[PDB]
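Report on the structure
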Amino acid sequence: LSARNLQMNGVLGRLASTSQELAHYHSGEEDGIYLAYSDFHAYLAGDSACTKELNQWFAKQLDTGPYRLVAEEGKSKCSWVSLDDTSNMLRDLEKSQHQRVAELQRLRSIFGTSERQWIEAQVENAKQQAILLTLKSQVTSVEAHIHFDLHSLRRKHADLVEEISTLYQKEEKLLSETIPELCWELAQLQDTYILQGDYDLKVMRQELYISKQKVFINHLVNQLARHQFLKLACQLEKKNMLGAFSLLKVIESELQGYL
Amino acid sequence: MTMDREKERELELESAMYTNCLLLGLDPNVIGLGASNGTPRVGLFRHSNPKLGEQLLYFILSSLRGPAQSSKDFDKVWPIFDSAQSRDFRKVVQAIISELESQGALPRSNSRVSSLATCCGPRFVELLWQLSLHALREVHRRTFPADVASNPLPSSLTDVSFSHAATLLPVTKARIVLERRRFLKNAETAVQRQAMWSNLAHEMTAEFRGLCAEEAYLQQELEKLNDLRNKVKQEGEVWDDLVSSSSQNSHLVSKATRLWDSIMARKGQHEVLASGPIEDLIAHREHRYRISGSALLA
Amino acid sequence: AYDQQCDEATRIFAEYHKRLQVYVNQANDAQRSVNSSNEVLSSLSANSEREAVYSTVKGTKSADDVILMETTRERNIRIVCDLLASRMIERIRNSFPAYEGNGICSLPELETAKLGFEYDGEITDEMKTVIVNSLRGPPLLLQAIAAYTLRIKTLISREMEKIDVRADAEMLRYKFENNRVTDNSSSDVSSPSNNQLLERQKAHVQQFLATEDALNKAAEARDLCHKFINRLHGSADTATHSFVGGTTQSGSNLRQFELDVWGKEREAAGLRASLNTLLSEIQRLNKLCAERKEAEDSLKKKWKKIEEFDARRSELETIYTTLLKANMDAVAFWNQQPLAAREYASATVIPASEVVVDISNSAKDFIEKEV
Amino acid sequence: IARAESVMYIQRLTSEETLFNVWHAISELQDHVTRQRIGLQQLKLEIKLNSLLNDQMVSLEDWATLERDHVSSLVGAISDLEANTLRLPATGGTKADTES
Amino acid sequence: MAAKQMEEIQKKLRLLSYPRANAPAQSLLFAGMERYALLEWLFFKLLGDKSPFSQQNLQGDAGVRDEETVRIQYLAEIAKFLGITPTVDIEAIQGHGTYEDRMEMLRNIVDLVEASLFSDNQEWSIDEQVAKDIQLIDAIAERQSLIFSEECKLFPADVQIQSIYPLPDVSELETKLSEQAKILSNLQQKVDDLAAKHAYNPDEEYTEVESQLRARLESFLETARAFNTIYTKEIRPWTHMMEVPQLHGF
Amino acid sequence: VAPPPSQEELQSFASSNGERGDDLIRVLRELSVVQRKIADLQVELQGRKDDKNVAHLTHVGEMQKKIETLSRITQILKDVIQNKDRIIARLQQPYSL
């Protein structure tokens, strides 16, 4: 069993101080933790550049966005006196073309003929002949009811209907003197809402960004958040390297018991 | 100037008073009155009176001097013929001229008594002068008395009453009113005489403010101040009257005006009315501010 | 008695490196990277961090997961941004309007905290591999990712362009659609039937009810005037049947009482061309008169809708401020100088000479086993 | 009264010849007393302008191409100078039939 | 001058001076209240044998009551030939007309109401009856050929306006050449025979404006440098807006 | 000298017309010169004619009309050609009325 010592000492005794030259190097480790940090610090030329570009992909829109998407906001209310040239000039050929509307073709035609025949309504009810039953049956009208005499000039005729005599006219004020108003009210009585969607179309057109507004800038703040989560890594460099710096003394306590 | 204006108007009135009144007006007066101071007549009556007057005064009656030369010239010609013996023959003049005022100029003498008044006494100087000139012109003045006895033989004594107009030839000192009124009806002769025609100083004779003096020079260089325009009026007044020249004037002015008179004079009358299209081009931009922004701004 | 411990103590003395950096995870990995093959590379023990500097490729494969993780972090947003928006519906509406003072300079310290914890709550497979960088640090997982910070922030950019054009989407509206609407309903198809028009159904359901005669609609004045004559047009028809009405004709006073005895039959429901013909618009003329004066706002709809868009579009301008002024998104040493100040002095250089005796004793302890 | 008609007649005829020769010889007076101003008005302008109104067209270079082109400008330049001239008369009048 | 005086004084005779100057000869019928009253020296300077009848017509004119028809023509018994126009002086229509001769010896009675100036008994107030004015003398009347017909330029220019005034000396005009009297009016047309500079602006501006415009229209208004024949090429493209009303309203 | 014969101006008629009768031929000689007063002033219009209508009048009447011949054959033509960028763009609005 004594031969174990002769076998081990010939190979074990080779590590020497270069194995533990962590103390011999230790100056290089104190700034080395910064040297790896310095390589990250040396990447500031790109680190300060990659943060700007990612801030600039959404900010690529400055002219197309900010300088344009509040331009017509500037030409939204303060231009209500002047929008016709500030931003309507691009929209000029449609605003007036859509204001006239194509409904005019089916509106005006020859009227002298219609004024004679076609201006009149047409009947769809056949209640006029309701009397033609009692009209022919005079026996129950003059010989049976016999509610009449020489004094029945108006008292009998008022028995069936008297109150309706005053509640008769309801659809007046269009029979005469309404003629001159055929100038403008053509598209305001039945076609009142002739073009109530021209600017409502803009409202949706202003809103046509929802395919990506669900992201919009949610990614940006999270992209700022997420890319932070990656590169914050010196957090543990400030306690364990220090153990290789400050706690590294503890190896002298090993020899304290022997000494 | 204006003496060029008097070339032919002086041959019918200027020669109407002097040629006749030279011998009855004052010549007998001055001759008879010359006896007191007769020194100039000594050196003149020899030749100036009878001979020197032949060039001017004796040619007036030369038309009738042929047939009736010796009418009254005999009283002067005959004494002259005896010039070689004129020393011993000098007392016959006053007698040979007495008949001149007694037969030739006897009616004339009656009119000439006023001119004879200062020389009726001194007839010696007067009849001597009468020999030289008065008798010679009386030959002209004796034509009327002499011709009566010859030409109007059937009407000799009958015409003596009608000869009152013809009697003026001897009695020749009351006809001055003829030429006196003449130069009013024909004051169109000159101004230097009793007439007037060479008158004024602003538009007739001394119109030298540019009119008369220049008019003399309007034949050499002062007429060139304006008339040269016509040559440079080749585009103009020279080729005005000839329209064919005017037609080729436009053809030949095809560096200055032919286009204006032939390429666009044919359209210049209906051309100016297109200034309206200038306004129409810049009139449709007014409604780019009000319509859609004020469709219901009111 | 105590002499027996000295014999076994020489081995633990000569193995300082096997313990002096194993708690030092930023240096344990690099030391065990080199000390594993042989104990000669135990020199790279405090040089382990220097080896950790030399471990860029080891950091690269350490960052290789981060390369794909952030890329998946980029794409986990893409596949499901609803969960992203779930914590950030307010961002598309009030990131600038409300979160103004939060993202000025501490955005990648609090906007991370407000999101990341609830980010893991909703997008669970991103925040489990974010702090893992800290354990490796600039040795492995802060310098290697620095060499690839552009890739993660440019591959994310490709997926940004399809959300960056949100302004381009309104940019389409603000001038392009302003240029686009010239003659779409005039030139694309004559007498248009294009689906691009949708706000016309109000007339479609009602105005098609009468489109043939002109004066009945061109002259709305005489229309009801002569539509009501249909009620007054029956006088001629009534007199036509006078030869049938002679049943009661027997005397002068035999009809006056009959004016209602015969009138009680003719009078019935026959009123549909006077009031029902205008019943579909007059009902709107008894409650919608004031809107005619208020119709200015209806025309001002485009003149006013962009006002709330300013809140979105000034937010569009100023999210850039929330981003550009957040220059410290990728400058991860902004707060590491306060971290660095912790180890300016605590990076002690006493061990460079003092525990050298200990390693020298450790060096002398490699051969004492022969006794 | 002896001369009577011969008071005027002989002076009358002799006045006529002077009334011919020098009256019209002096008549050239007004040709350069009221026209000498024309000499400083019309003569000078033609020297100053009639050649210069040729020279004025050194600016009107292409206009000067029309005066010589009168042989063919009655169709060529006219189709330029009258086509725009016809812009006016056929615009207002021919549109009046719309109200009919 | 004196042409008006043929009428200002003559209308006096016919009506006013009929008892004074028209017919003093007929006024011997009125001598009982006209001769001895006023027309004694008027008769004394007008009539013949009745002229010296100063104080004897008050009782010796009984034979004149049957004479008025021939008593009037006795107006110029001194000028028997002139005494013919007083015969028609009975007729005011022609009696007033015939005064180119009758007036002449009635000068002594219309203006010379005191006719007795020792001379106008026989002569017609012409020779020295007019000696009150030296210019009235007949001898100096003809001196207008020396003094009056010569002022500076004015009076000859004051009569040239009309072409019909040449009455006195026109005989040597009317024979063969009166065209100069026809251009008599043209001096009225052209009075400023020297200056006449009114044509400075009109005629010169027909030419002067051409050169000035060359110096005025500096190629901006006068864009006609080399384009005048160039316009011929491209009239149609702008003329298309002619034919749009014609492509539809033809 | 008309007033001084306050009494016998009526018989001065012989001194009235002849007062210029002697000066008559004065005038007519100088107004035979005025036969040229037609030429210097009256015949100006004959001279000025064809001195202007084919020399100067149309070299006036057809010159200052280049303020409009140019402004009609160029101003309509040249301006819309040299400013076509705004000519077409401006007509975007009016054509839809």
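Residues numbered from 1 in each chain as written, not as in the entry; some residues may be left out. Chains lettered and ligands numbered in written order. Heavy atoms only, no water.

- Going by the header, the method for this PDB entry is cryo-EM, and the resolution given is 8.6 Å.

**Description of the interface of chain C and chain A**
- Chain C puts 214 residues into the contact, and the matching count from chain A is 174 residues.
- Buried surface at the junction of chain C and chain A, both sides included, amounts to about 18400 Å², of which 63% is carbon and sulfur.
- Connecting chain C to chain A are 9 salt bridges.
- Across the salt bridge formed by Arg 173 of chain C and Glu 72 of chain A, the nearest N and O atoms sit 2.8 Å from each other.
- The interface formed by chain C and chain A includes 79 residue pairs in polar contact. (Contact = heavy atoms within 4.5 Å. Buried area = accessible area lost by both parts, 1.4 Å probe. Salt bridge = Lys/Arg side-chain N within 4 Å of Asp/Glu carboxyl O. Polar contact = N/O pair within 3.5 Å; in protein donor to acceptor, adjacent residues only side chain to side chain.)

**Concerning the packing of helix α4 (residues 44-58) of chain A against helix α10 (residues 149-164) of chain C**
- Here α4 of chain A crosses α10 of chain C at 10°, and the two axes come no closer than 8 Å. With respect to α10 of chain C, the axis of α4 of chain A lies roughly parallel. Taking contact as the criterion, the partners of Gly 46, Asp 47, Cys 50, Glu 53, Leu 54, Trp 57 and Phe 58 of chain A in α4 of chain A are, on α10 of chain C, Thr 149, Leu 150, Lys 153, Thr 154, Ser 157, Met 160, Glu 161, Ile 163 and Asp 164 of chain C.
- Considering only residue class, the contact of α4 of chain A with α10 of chain C consists of 7 nonpolar, 4 polar and 5 charged. (Axes fitted to C-alpha atoms, helices over the stretch in contact; angles between N-to-C directions. Helix = DSSP H or I, 4+ residues; strand = E, 2+ residues; numbered from the N terminus. Parallel < 35°, antiparallel > 145°, perpendicular 65-115°, else oblique. Nonpolar A, V, L, I, M, F, W, Y, C, P; charged D, E, K, R; others polar.)

**Focus: the interface of chain F and chain E**
- Counting residues at the interface gives 48 residues for chain F, matched by 65 residues for chain E.
- Together chain F and chain E conceal approximately 5300 Å² of surface at their shared face, both sides included; 64% is due to carbon and sulfur atoms.
- Considering only the surface of chain F that becomes buried against chain E, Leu 10, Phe 13 and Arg 20 of chain F emerge as the three largest contributors, covering 12% of it.
- At the junction of chain F and chain E, the tally comes to 4 salt bridges.
- Across the salt bridge formed by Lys 132 of chain E and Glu 8 of chain F, the nearest N and O atoms sit 2.5 Å from each other.
- At the level of elements, α1 (14-21), α2 (24-33), α3 (35-42), α5 (58-61), α6 (66-73) and α7 (75-82) of chain F are the ones that each hand at least two residues to the side of chain F that touches chain E.
- For the side of chain F that touches chain E, a count of residues per class yields 20 nonpolar, 15 polar and 13 charged.

**Looking at the pattern of salt bridges**
- With the rule as written, the count across this model stands at 93 salt bridges over all chains.
- Between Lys 12 of chain E and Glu 8 of chain E there is a salt bridge, with the nearest N and O atoms lying 3.7 Å from each other.
- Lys 12 of chain E sits in the partly exposed class, given a relative accessible area of 29%.
- By relative accessible area, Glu 8 of chain E is classed as partly exposed at 25%.
- A salt bridge links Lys 66 of chain F to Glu 222 of chain E, with the shortest nitrogen-to-oxygen separation between them at 2.7 Å. Remark: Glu 222 of chain E occurs in the loop between α15 (200-216) and α16 (235-249) and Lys 66 of chain F occurs in helix α6; the pair is interchain, linking two chains. The residues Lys 66 of chain F and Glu 222 of chain E share a single accessibility class, namely buried.
- What emerges from the salt-bridge pattern is a single network uniting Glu 72, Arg 91, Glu 94 and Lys 202 of chain A together with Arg 173, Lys 175, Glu 177, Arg 180 and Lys 302 of chain C. (Buried < 20%, exposed > 50% of the residue type's maximum accessible area, 1.4 Å probe, protein only.)

**Description of the environment of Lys 48 of chain D**
- Along the chain, the position of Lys 48 of chain D falls in helix α2 (residues 36-50).
- The exposure class assigned to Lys 48 of chain D is partly exposed, which follows from its relative accessible area of 39%.
- Setting aside residues no more than four positions away along its own chain, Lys 48 of chain D makes contact with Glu 208 and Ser 211 of chain E.

**Describing the arrangement of the chains**
- Of all 11 pairs of chains that touch, the greatest number of contacts is found between chains A and C.
- Nowhere do chain A and chain D come into contact; their C-alpha atoms are at least 16 Å apart.
- With respect to C-alpha atoms, chain C approaches chain E no nearer than 20 Å, and the pair has no contact.

**A short note on the packing of aromatic side chains**
- One pass over the structure, following the stated rule, counts 16 aromatic pairs over all chains.
- Relative to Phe 13 of chain C, the ring of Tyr 258 of chain A has its centre 6.5 Å away and its plane inclined at 70°; by these criteria the two rings are edge-to-face. In this pair, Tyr 258 of chain A sits in helix α17 (residues 251-258) while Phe 13 of chain C sits in helix α1 (residues 3-13), so the two residues belong to two different chains.
- For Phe 13 of chain C, a relative accessible area of 3% puts it in the buried group.
- Between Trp 260 of chain B and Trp 63 of chain D, the aromatic rings sit 5.1 Å apart at their centres with planes inclined by 50°, giving tilted as the arrangement. Taken together, the positions of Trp 260 of chain B in helix α17 (residues 258-262) and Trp 63 of chain D in the loop between α3 (52-55) and α4 (64-67) put the pair across two chains. Across this residue pair, the class does not change: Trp 260 of chain B and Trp 63 of chain D are buried.
- Three or more aromatic residues joined by ring pairs form one cluster here, namely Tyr 34, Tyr 37 and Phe 40 of chain A together with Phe 333 and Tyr 344 of chain C.
- A cation over a ring is seen here: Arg 41 of chain B above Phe 45 of chain B, with NZ or CZ 4.0 Å from the ring centre. (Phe/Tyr/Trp six-rings, centres within 6.5 Å; stacked < 30°, edge-to-face > 60°. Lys NZ or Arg CZ within 6 Å of the ring centre and 35° of its normal.)

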